[PDB]
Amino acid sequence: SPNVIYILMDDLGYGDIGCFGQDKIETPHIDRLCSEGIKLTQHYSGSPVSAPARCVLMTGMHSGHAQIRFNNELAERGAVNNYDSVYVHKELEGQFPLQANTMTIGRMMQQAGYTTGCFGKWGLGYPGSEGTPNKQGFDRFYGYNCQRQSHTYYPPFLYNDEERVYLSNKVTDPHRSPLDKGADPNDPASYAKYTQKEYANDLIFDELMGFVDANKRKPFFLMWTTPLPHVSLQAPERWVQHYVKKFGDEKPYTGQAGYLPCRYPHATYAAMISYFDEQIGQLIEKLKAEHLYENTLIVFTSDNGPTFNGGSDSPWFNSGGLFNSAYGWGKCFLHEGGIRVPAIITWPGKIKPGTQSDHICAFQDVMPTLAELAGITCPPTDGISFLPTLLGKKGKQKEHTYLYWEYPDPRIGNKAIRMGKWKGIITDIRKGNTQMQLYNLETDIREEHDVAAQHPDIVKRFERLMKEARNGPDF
């Protein structure tokens, strides 16, 4: 049973990496990883936003059964949105917690004899809660507890396990840091103040690499939950200038769609992904140098589709790849662009290199996949192992009858079914819509031609399957 490294990026689109059709952003180390293993083309998140996606991944329950189904900031605690206040009061930090003793893939691997580590972002329980990573199957955590904290890459503190470590960075509000009055938005010097001393991603990486170095002679399960490339747009000047040379001059971002101003939004978004790409390259080098490469399975994927704010330009990068990526088509929505994420798995000598599988699978499936892989009986799950697909034993690959998603956000409210080529969506539920849109993904991959009235049989079946699939209060 091998080492497992699960690399989860944050708001990385289906088409944001070279091996899924990206033409502008250079991802050589990720493309190399794809060439050395299997490419999954119909792999789905638990959810089109961060916390619930991660909840489905950690717990092997789909969004219709999961504890966390939306980003819940527990605003009743007080000034949770005030960055001065969160710095003073950790009680105000972070998100709705996982319940005590929740079986997670961390906990499951721990009981199998793995040393478990999570490096990057949590988002699944506030500090002091029973939902903290160390109380949810991780021997080791470093990085952001809080999805709001990661809105800046120069935060005043991070977490080493249960403890804050204070950095040399000053406290900032990345939503209330506009340019100085009368500062030229075309002058790069106007953006100098957004760069401080300690880039969180440098520190997260050094801690991940130290964990690998420390457990290099033991079975380890390591989750690299990088906040990249989630806004704000901040990257080392090295990588920004590389893409300023390639793309040329561009319109600056002044903060109109939230998060920090950025002189070069295109160059910086590309810089963020290629910088992380370079870190994966350094990790592969270390695994090879320590003779771990053959005995380590690596997953690379994203928690949801690409975003529409913070100076992102998903359409310009075609971050959806096959899918539309404008507001309504990506992040926050149950369109394919929102819930379908690029996936690579390598395990040198076991997974045939440069192969592809269109097998319909999702984040719930990771729990049973890892259970089969590590040779321990699978806990209760909505998932189905896709290990047979990874090892090219397609004969013994069980199939989901259908997949269900719900995103009960306060404003819009979404449900979706996929059953074969058929994709049903109900959106605007909070406005009292119950009318389903129906797309044939074989003939309409971009979901541009609603044909619900031409298949009332399929709509009725999907309405029934939506009732059967879900737990808890309806919306």
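The numbering used is simple: start at 1 and walk along the sequence shown.
Selected stretch [higher average CA B-factor]: 234 to 242 or 157 to 165: Averaged over C-alpha atoms, the B-factors run higher in 234 to 242.
Per the entry, higher mean C-alpha B factor between 27 to 35 and 50 to 58: Mean CA B-factor is higher for 27 to 35.
Residue with highest C-alpha B-factor in the PDB entry, from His89, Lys181, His335, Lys170: Comparing C-alpha B-factors across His89, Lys181, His335, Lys170, the top value belongs to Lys181.
Options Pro229, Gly311, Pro380, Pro97 - largest CA temperature factor per the record: The listed residue with the largest C-alpha B-factor is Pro380.
Position of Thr132 among the chain's modelled residues by C-alpha B-factor, lowest, middle or highest third: Ranked within chain, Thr132 CA B lands in the middle tercile.
Chain-relative CA temperature factor third for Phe276: As the PDB entry reports it, the C-alpha B-factor of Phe276 lands in the middle third of its chain.
Record-listed C-alpha B factor of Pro265: chain third: Its C-alpha B-factor, which the entry lists for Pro265, ranks in the middle third among residues of this chain.
Chain-wide C-alpha B factor ranking for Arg340, given as lowest, middle or highest third: Tercile = lowest for this residue's CA B-factor.
Assigned third (lowest, middle, highest) for the C-alpha B factor of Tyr404: Tercile = lowest for this residue's CA B-factor.
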